[PDB]
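Structure, as structure tokens:
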Amino acid sequence: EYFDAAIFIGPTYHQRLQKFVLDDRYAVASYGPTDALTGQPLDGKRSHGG
Amino acid sequence: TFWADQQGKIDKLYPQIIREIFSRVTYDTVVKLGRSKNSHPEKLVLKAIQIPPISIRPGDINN
Amino acid sequence: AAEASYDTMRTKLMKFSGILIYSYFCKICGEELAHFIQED
Amino acid sequence: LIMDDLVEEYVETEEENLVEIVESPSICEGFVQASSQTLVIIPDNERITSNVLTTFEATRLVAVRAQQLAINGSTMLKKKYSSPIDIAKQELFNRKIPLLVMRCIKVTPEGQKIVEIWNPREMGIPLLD
Ligand SMILES: [Zn+2]
């Protein structure tokens with residue numbers, strides 16, 4: 001079905017920013033590395049727990 | 001470090017000397033100066049320090 | 001009962017090991033034997 | 001010779017401004033145990049707290065009941081529900097919850113824990129269903 005209003009469509013230069021969701025996403029289970037001092041999980045995805 | 005100045009006579013107040021000085025303070029003086037009986041100055045000098053549990057110094061603070 | 005260490009138990013129990021989980025499981029009953037996340 | 005990992009010396013500047021005599025007996029020094037308390041339950045007609053459960057109290061009752069049904073499970077409910085949370089919620093709604101709510105009004109210096117005991121089975125329930 002056609003839209004009742006004409007739509008502004010045209011070529012626009014777009015840039016893919018290097019913020020990948022596959023690198024930013026993180027999910028951890030109830031286990032993993034813990035700090036020897038506090039016993040708390042380590043910090044962030046890089047340490048594989050936290 | 002504490003220094004004892006007796007009109008120019010300079011002598012170092014060592015922790016042993018300080019403990020000797022503080023051990024002569026009565027609890028009456030401690031109370032009348034607004035301090036608790038658990039805050040006697042004799043506790044300010046330590047001949048036996050506490051090495052903390054290894055739980056707070058995992059394998060630097062042990063150096 | 002021998003008061004063995006966790007590492008000693010993990011080494012000795014590495015005969016029932018089957019097959020990030022960080023845990024070994026029994027080859028017979030699939031029970032958690034021990035865990036190995038990092039060696040200190 | 002160049003060290004990069006400095007520790008950033010830390011400074012506190014605002015000073016606080018909080019506003020016979022024998023060595024020590026076995027009473028003034030010590031006795032950290034704190035004397036035991038007796039439970040002074042306010043009579044039901046002298047209670048001043050609300051006869052309606054707060055959402056905090058109802059939520060805590062449901063959570064406690066559901067956690068207990070996790071290990072137990074002998075239930076007085078008629079209809080069968082497949083989760084302890086639903087069972088506890090229906091127990092609260094059907095006024096069959098086996099718990100009581102104690103509201104500690106005051107702890108007296110003499111060693112009395114003045115409390116109001118409220119029965120959730122005669123109380124107003126604010127939860128949704
Ligand atoms: Zn097994």
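Identifiers in this document derive from the order of the structure tokens: chains are assigned A, B, ..., residues are numbered from 1 separately in each chain, and ligands are numbered from 1 in order of occurrence.
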Residue set, chain D restricted to strand (DSSP E), as a ChimeraX atom specification: /D:38-41,101-107,112-118
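The list of residues with at least one atom within 10 Å of stretch 121-125 of chain D, based on only C-alpha atoms and without residues fewer than 5 positions apart in the same chain, reads residues 50, 51, 52, 53, 54, 55, 57, 58, 91, 92, 93, 94, 95, 96, 97, 98, 99 and 100 of chain D.
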Those selected residues, please, written with N, CA, C and O atoms and delivered as a short mmCIF file (atom, residue, chain, number, x, y, z; two decimals), in the first residue's frame.
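New file again19.cif:
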data_model
loop_
_atom_site.label_atom_id
_atom_site.label_comp_id
_atom_site.auth_asym_id
_atom_site.auth_seq_id
_atom_site.Cartn_x
_atom_site.Cartn_y
_atom_site.Cartn_z
N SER D 50 -1.01 -0.23 61.44
CA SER D 50 -2.08 -0.46 60.48
C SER D 50 -2.49 -1.93 60.47
O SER D 50 -1.66 -2.83 60.60
N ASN D 51 -3.79 -2.16 60.31
CA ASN D 51 -4.33 -3.50 60.13
C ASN D 51 -4.21 -3.98 58.69
O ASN D 51 -4.70 -5.07 58.37
N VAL D 52 -3.58 -3.20 57.83
CA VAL D 52 -3.33 -3.56 56.44
C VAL D 52 -1.84 -3.86 56.29
O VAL D 52 -1.00 -3.09 56.78
N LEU D 53 -1.52 -4.97 55.64
CA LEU D 53 -0.13 -5.27 55.33
C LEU D 53 0.42 -4.24 54.36
O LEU D 53 -0.24 -3.85 53.39
N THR D 54 1.64 -3.78 54.62
CA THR D 54 2.34 -3.00 53.62
C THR D 54 2.81 -3.91 52.49
O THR D 54 2.89 -5.13 52.64
N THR D 55 3.11 -3.30 51.34
CA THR D 55 3.64 -4.09 50.23
C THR D 55 4.95 -4.75 50.61
O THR D 55 5.24 -5.86 50.16
N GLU D 57 5.69 -5.83 53.72
CA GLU D 57 5.34 -6.95 54.59
C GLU D 57 4.72 -8.09 53.80
O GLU D 57 5.07 -9.26 54.02
N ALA D 58 3.79 -7.79 52.90
CA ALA D 58 3.17 -8.83 52.10
C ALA D 58 4.19 -9.51 51.19
O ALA D 58 4.17 -10.74 51.04
N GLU D 91 -1.88 -18.64 49.17
CA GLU D 91 -2.00 -18.81 50.62
C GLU D 91 -2.25 -17.48 51.31
O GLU D 91 -3.08 -17.40 52.23
N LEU D 92 -1.54 -16.44 50.89
CA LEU D 92 -1.81 -15.11 51.44
C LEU D 92 -3.20 -14.62 51.06
O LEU D 92 -3.90 -14.03 51.88
N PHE D 93 -3.61 -14.86 49.81
CA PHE D 93 -4.92 -14.40 49.36
C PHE D 93 -6.05 -15.21 50.00
O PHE D 93 -7.11 -14.66 50.31
N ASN D 94 -5.83 -16.51 50.21
CA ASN D 94 -6.83 -17.36 50.85
C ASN D 94 -6.75 -17.32 52.36
O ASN D 94 -7.47 -18.07 53.02
N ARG D 95 -5.88 -16.48 52.92
CA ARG D 95 -5.74 -16.32 54.37
C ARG D 95 -5.42 -17.65 55.04
O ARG D 95 -6.02 -18.04 56.04
N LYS D 96 -4.46 -18.37 54.45
CA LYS D 96 -3.99 -19.64 54.98
C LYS D 96 -2.49 -19.63 55.25
O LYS D 96 -1.90 -20.70 55.45
N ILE D 97 -1.87 -18.46 55.24
CA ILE D 97 -0.41 -18.39 55.43
C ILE D 97 -0.08 -18.70 56.88
O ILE D 97 -0.76 -18.22 57.80
N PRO D 98 0.91 -19.56 57.14
CA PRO D 98 1.20 -19.96 58.53
C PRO D 98 2.18 -19.04 59.24
O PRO D 98 2.75 -19.42 60.27
N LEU D 99 2.40 -17.85 58.70
CA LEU D 99 3.36 -16.91 59.26
C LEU D 99 2.65 -15.80 60.03
O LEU D 99 1.45 -15.58 59.87
N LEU D 100 3.42 -15.11 60.87
CA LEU D 100 2.95 -13.95 61.61
C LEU D 100 3.90 -12.79 61.37
O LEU D 100 5.08 -12.99 61.06
#
Residue list (helix (DSSP H, G or I), DSSP) for chain C, as a ChimeraX atom specification: /C:6-12
Take the residues that were just selected and, keeping N, CA, C and O atoms, output them as a PDB file, in the first residue's frame.
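Contents of part_29.pdb, freshly written:
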ATOM      1  N   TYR C   6      42.736 -28.631  48.606  1.00  0.00           N
ATOM      2  CA  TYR C   6      41.858 -28.595  47.440  1.00  0.00           C
ATOM      3  C   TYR C   6      42.597 -29.020  46.179  1.00  0.00           C
ATOM      4  O   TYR C   6      42.044 -29.741  45.341  1.00  0.00           O
ATOM      5  N   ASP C   7      43.845 -28.573  46.021  1.00  0.00           N
ATOM      6  CA  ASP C   7      44.626 -28.970  44.853  1.00  0.00           C
ATOM      7  C   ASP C   7      44.932 -30.462  44.874  1.00  0.00           C
ATOM      8  O   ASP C   7      44.893 -31.123  43.830  1.00  0.00           O
ATOM      9  N   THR C   8      45.242 -31.009  46.052  1.00  0.00           N
ATOM     10  CA  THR C   8      45.478 -32.445  46.162  1.00  0.00           C
ATOM     11  C   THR C   8      44.222 -33.234  45.812  1.00  0.00           C
ATOM     12  O   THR C   8      44.290 -34.240  45.096  1.00  0.00           O
ATOM     13  N   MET C   9      43.064 -32.784  46.298  1.00  0.00           N
ATOM     14  CA  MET C   9      41.809 -33.445  45.960  1.00  0.00           C
ATOM     15  C   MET C   9      41.532 -33.371  44.465  1.00  0.00           C
ATOM     16  O   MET C   9      41.090 -34.353  43.860  1.00  0.00           O
ATOM     17  N   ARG C  10      41.782 -32.212  43.852  1.00  0.00           N
ATOM     18  CA  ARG C  10      41.566 -32.069  42.416  1.00  0.00           C
ATOM     19  C   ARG C  10      42.484 -32.988  41.624  1.00  0.00           C
ATOM     20  O   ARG C  10      42.062 -33.598  40.634  1.00  0.00           O
ATOM     21  N   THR C  11      43.748 -33.094  42.036  1.00  0.00           N
ATOM     22  CA  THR C  11      44.688 -33.954  41.329  1.00  0.00           C
ATOM     23  C   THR C  11      44.309 -35.422  41.475  1.00  0.00           C
ATOM     24  O   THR C  11      44.327 -36.179  40.497  1.00  0.00           O
ATOM     25  N   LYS C  12      43.964 -35.846  42.693  1.00  0.00           N
ATOM     26  CA  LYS C  12      43.605 -37.244  42.911  1.00  0.00           C
ATOM     27  C   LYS C  12      42.277 -37.586  42.247  1.00  0.00           C
ATOM     28  O   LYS C  12      42.122 -38.677  41.685  1.00  0.00           O
TER      29      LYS C  12
END
Residues of chain D that have any atom at most 12 Å from an atom of chain B: could you tabulate them with the shortest-distance atom pair and the distance in Å to one decimal, using only C-alpha atoms, ordered by chain and increasing number, as JSON lines?
{"residue": "D:20", "atom": "CA", "partner": "B:28", "partner_atom": "CA", "distance": 7.5}
{"residue": "D:21", "atom": "CA", "partner": "B:28", "partner_atom": "CA", "distance": 5.4}
{"residue": "D:22", "atom": "CA", "partner": "B:27", "partner_atom": "CA", "distance": 6.6}
{"residue": "D:23", "atom": "CA", "partner": "B:27", "partner_atom": "CA", "distance": 6.0}
{"residue": "D:24", "atom": "CA", "partner": "B:37", "partner_atom": "CA", "distance": 7.4}
{"residue": "D:25", "atom": "CA", "partner": "B:37", "partner_atom": "CA", "distance": 10.7}
{"residue": "D:28", "atom": "CA", "partner": "B:37", "partner_atom": "CA", "distance": 9.3}
{"residue": "D:29", "atom": "CA", "partner": "B:38", "partner_atom": "CA", "distance": 7.9}
{"residue": "D:30", "atom": "CA", "partner": "B:38", "partner_atom": "CA", "distance": 10.4}
Which residues of chain C come within 10 Å of ligand 1, and what is each one's closest atom pair and distance in Å (one decimal), counting only C-alpha atoms and all ligand atoms, sorted by chain and residue number, as a Markdown table?
| residue | atom | partner | partner_atom_place_in_ligand_line | distance |
| --- | --- | --- | --- | --- |
| C:13 | CA | ligand 1 | 1 (Zn) | 9.5 |
| C:16 | CA | ligand 1 | 1 (Zn) | 6.7 |
| C:17 | CA | ligand 1 | 1 (Zn) | 8.8 |
| C:18 | CA | ligand 1 | 1 (Zn) | 9.6 |
| C:25 | CA | ligand 1 | 1 (Zn) | 7.7 |
| C:26 | CA | ligand 1 | 1 (Zn) | 4.5 |
| C:27 | CA | ligand 1 | 1 (Zn) | 6.5 |
| C:28 | CA | ligand 1 | 1 (Zn) | 5.0 |
| C:29 | CA | ligand 1 | 1 (Zn) | 4.2 |
| C:30 | CA | ligand 1 | 1 (Zn) | 5.8 |
| C:31 | CA | ligand 1 | 1 (Zn) | 5.3 |
| C:32 | CA | ligand 1 | 1 (Zn) | 8.0 |
| C:33 | CA | ligand 1 | 1 (Zn) | 7.7 |
Can I get the selection written as a compact mmCIF listing (two decimals), in the first residue's frame, with N, CA and C atoms?
# COMPACT_ATOMS: atom_id res chain seq x y z
N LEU C 13 41.31 -36.67 42.29
CA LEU C 13 40.02 -36.91 41.65
C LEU C 13 40.08 -36.78 40.14
N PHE C 16 38.16 -39.62 37.61
CA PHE C 16 36.74 -39.72 37.30
C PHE C 16 36.28 -38.59 36.39
N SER C 17 37.21 -37.85 35.80
CA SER C 17 36.84 -36.70 34.97
C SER C 17 36.23 -37.18 33.66
N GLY C 18 35.01 -36.73 33.38
CA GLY C 18 34.32 -37.10 32.16
C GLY C 18 34.72 -36.25 30.97
N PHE C 25 33.59 -32.75 36.17
CA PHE C 25 32.43 -33.53 36.56
C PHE C 25 32.73 -35.01 36.40
N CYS C 26 32.09 -35.81 37.25
CA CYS C 26 32.40 -37.23 37.33
C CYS C 26 32.05 -37.95 36.04
N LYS C 27 32.91 -38.90 35.66
CA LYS C 27 32.65 -39.73 34.49
C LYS C 27 31.55 -40.75 34.77
N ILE C 28 31.30 -41.05 36.04
CA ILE C 28 30.32 -42.06 36.43
C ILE C 28 28.98 -41.41 36.73
N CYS C 29 28.95 -40.54 37.74
CA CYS C 29 27.71 -39.94 38.20
C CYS C 29 27.56 -38.47 37.81
N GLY C 30 28.55 -37.90 37.13
CA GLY C 30 28.44 -36.52 36.69
C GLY C 30 28.36 -35.51 37.82
N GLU C 31 29.08 -35.75 38.91
CA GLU C 31 29.09 -34.86 40.05
C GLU C 31 30.29 -33.94 39.99
N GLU C 32 30.13 -32.73 40.53
CA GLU C 32 31.24 -31.79 40.60
C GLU C 32 32.36 -32.35 41.47
N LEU C 33 33.49 -32.67 40.85
CA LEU C 33 34.65 -33.11 41.62
C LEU C 33 35.36 -31.91 42.25
For residue D:110: contacts at 12 Å, only C-alpha atoms, fewer than 6 positions along chain excluded, given as an MDAnalysis selection string: chainID D and resid 34:40
Output file for the residues above (C-alpha atoms, as an mmCIF file, in the first residue's frame):
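Generated file (selection.cif):
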data_model
loop_
_atom_site.group_PDB
_atom_site.id
_atom_site.type_symbol
_atom_site.label_atom_id
_atom_site.label_comp_id
_atom_site.auth_asym_id
_atom_site.auth_seq_id
_atom_site.Cartn_x
_atom_site.Cartn_y
_atom_site.Cartn_z
ATOM 1 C CA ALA D 34 24.259 -7.046 75.951
ATOM 2 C CA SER D 35 21.546 -8.145 78.375
ATOM 3 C CA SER D 36 18.845 -10.453 77.063
ATOM 4 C CA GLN D 37 15.470 -8.963 76.181
ATOM 5 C CA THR D 38 11.961 -10.041 77.115
ATOM 6 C CA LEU D 39 9.260 -9.908 74.443
ATOM 7 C CA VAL D 40 6.528 -7.508 75.575
#
Spatial neighbours of residue D:48, max dist 10 Å, only C-alpha atoms, sep filter under 6 positions, as a PyMOL selection string: chain D and resi 42+105+116
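Minimum distance to chain A across C:14, C:34, C:3, C:20 (counting only C-alpha atoms) occurs at C:20.
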